[PDB]
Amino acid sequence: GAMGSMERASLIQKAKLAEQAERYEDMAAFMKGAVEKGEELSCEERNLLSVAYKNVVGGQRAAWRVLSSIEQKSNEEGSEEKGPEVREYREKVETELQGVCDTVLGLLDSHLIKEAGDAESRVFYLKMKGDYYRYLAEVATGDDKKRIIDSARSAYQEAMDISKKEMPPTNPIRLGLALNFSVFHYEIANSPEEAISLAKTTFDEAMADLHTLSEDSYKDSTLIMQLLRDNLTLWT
């Protein structure tokens, strides 16, 4: 790997610089290098990893959606034939997106998840696994679409099971996991009722535990609670 010659600490330093510069591809490459050193990641370092790849794949997903919409419109009655270019370019973006997802999944499988024993780390990585399978599912249309969806579900479910046993209902990782799994149900699994039930139960159980929190923990938890409420408002 191109980062093999750089010190772990220097990769982490540079990932932080890249974030400040809004250079998210660089940020992700630095963090991939850091993971490949083989040591476990701290909380802060896990956050750097997630932010980097979230921003890279988020841009790819937005571009894919633009291109997919143009492609769909081209396939409507009365649309003039414009050749293979729209499909080709959507495919190009799609392949690059899949590549990023496969990279992240690969880091999780080799060997972040297996080394993660604390609930906070293990849930964080399993949530990521669910998220990147969900991104693969968004673009999947073939023989494997069901298996990709099931991979996302399985990762999310393991993360939910651990989170419910090991973390308080206000824990931001638990909350963010539930938020995203709820979106999986609504957008990927064709299960809007499950999505709504999860979001509501998660919100309500968090509400009941806010009294235990410091001001700073309260801020963190309530931020994600508001995202749950925002989705519920969208869906009801």
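Counting begins at 1, following the sequence as shown. Under this definition, the rigid core comprises the largest set of C-alpha atoms superposing within 1.5 Å between the forms.
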property: More shifted region, core-based fit in 9 other deposited structures of this protein, 210-218 vs 12-20 by CA; result: 210-218
property: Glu166 dropped in a third or more of the other entries; result: no
property: Other compared entries missing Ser79, a third or more; result: yes
property: Mean C-alpha temperature factor, higher of 70-78 and 148-156; result: 70-78
property: Average Cα temperature factor in the PDB entry - higher stretch of 134-142, 86-94; result: 134-142
property: B-factor third for the C-alpha atom of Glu187 within its chain; result: highest
property: Third of the chain's Cα B-factor distribution that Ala119 belongs to, per the entry; result: highest
property: Chain thirds of CA B-factor: placement of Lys14; result: lowest
property: Cα B factor band for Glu44 (lowest, middle or highest third within the chain); result: middle
property: Where the record places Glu36 (Cα B-factor, split into thirds across the chain); result: lowest
